[PDB]
Each structure stands twice: as structure tokens, then as C-alpha cells.
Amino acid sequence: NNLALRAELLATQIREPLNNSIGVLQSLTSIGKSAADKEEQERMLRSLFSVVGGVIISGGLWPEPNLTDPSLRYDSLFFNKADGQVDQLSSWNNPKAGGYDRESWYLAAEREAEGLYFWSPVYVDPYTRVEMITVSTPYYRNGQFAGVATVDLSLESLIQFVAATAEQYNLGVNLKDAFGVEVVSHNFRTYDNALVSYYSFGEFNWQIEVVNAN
């Protein structure tokens, strides 16, 4: 057959939500690095999450906190794509609740070099309750680290996309993340010396194993 070719075609599709998330992150960092005030940034972030599609379901800006008046310490700008409307959530900003600067996806990007991207483990967002993977990156202002930008990928949407694509190409696929978690497993099994095509998106990035479907 043409297993290796179809496996590359599948990998190219699996790459789309990855590329898509990076692109949205770059828009977020543009907004964070800009001179826009907070109401203007909220406006642009709402518009951004209104226009993005695919598996992107939520995300936003996470300024370095000022740990005062309790309501002032945290001023995250976090947006969730619900009917089809976009909601801004304030849930991370009450100090009593712990704040956001100790979260894995914040810490991974904190004070890192602009232009580096970090992938969170799978988790259920404690406030939107959506199971997701998060890509994060730092943004800077005046040379000084200013905060973290995030984009959340819906796991459910990613699974449906990867599995539907594999099925169209008459493939089975297992996709694992940088923590070894099985993100998607669609019609994947090995017996009678079936060939497996392996493709790595990076040493600590996603991995796929691909078989022909019968």
C-alpha cells in the first residue's frame, strides 16, 4: 500500500490545530505587548476568540500578579467560547482562590524567552470544566517579562478531528503527548506483523503511531 504517504497526510492534518494554536498565541502576545489599555485589550481578546475556530475553546492573558487591595492583585483576561458566544471569566482573579501564577501552564512560560511555546498536561479547567491541553508563551514589555499568554485546545474537539481524519484516510492512529498520555487512539491495533509508521512532532512534542485500517 502507501502507508508512509497516508501517515504523512494524516500528520499534516494533526499539525493544523498545533499551528492554529501558535498563530492565536502570536495574536495574544501582540495584544499583551501593545500600549492598549485593559478595556481595549478585553475588546480585542473577545474579538479574537470570537473569530478563531477549530479546536480552540478558551485562553487569554495572564499578567504577572502584584501580590494591597485584594481585587487588584490578579487581573487575568480569560475568555471561554461557550451558546456560540464568548464569555469573559473573572474566576482566577479573587486572591482567596490562590491566583494563577502557580499553575503549570503559567510557570512553564514564566520569564522564558519570547517565542518559546509550552504545552501543558491534559487537565479539566477548574472553571470552564472543559478537558483541555494548553499552549502558553511569555510576553514582554519594556524588556521586562509582563505575563503569560495561553490558548486552550478542546480535547473532545481534537479527538473528533484526529479520529475523523484517520478514518477518511483508512488509518488507525495513536497520538501521545509529551507526558505519555494517550490523547487519541482511533482504530489502532497490531497483529499479524502489521507495519507501524511512526512520526514525531518533536522530542518533547506529540508522537503518532499509524497503521493501515482493514
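Numbering starts at 1 and runs along the sequence shown.
The modelled chain breaks after residue 82 and resumes at residue 83, leaving 1 to 3 residues of the deposited sequence without coordinates. The stretch of deposited sequence separating residue 164 from residue 165 contains no residues lacking coordinates in this entry. When the C-alpha B-factors of 25-33 and 173-181 are averaged, 25-33 comes out higher. 149-157 and 55-63 differ in mean CA B-factor, and the higher of the two is recorded for 55-63. In this entry, the residue among 72, 122, 77, 108 with the greatest C-alpha B factor is 72.
In this PDB entry, the Cα temperature factor of residue 187 sits in the bottom third of its chain's modelled residues, the lowest group. Remark: residue 212 belongs to the lowest third of its chain, ranked by C-alpha B-factor as recorded.
Sorting the modelled residues of the chain by their CA temperature factor places residue 206 in the middle third. Residue 19: CA B factor in the highest third of modelled residues in this chain (values from the PDB entry). In the deposited entry, the Cα temperature factor of residue 94 sits in the top third of values across the chain's modelled residues.
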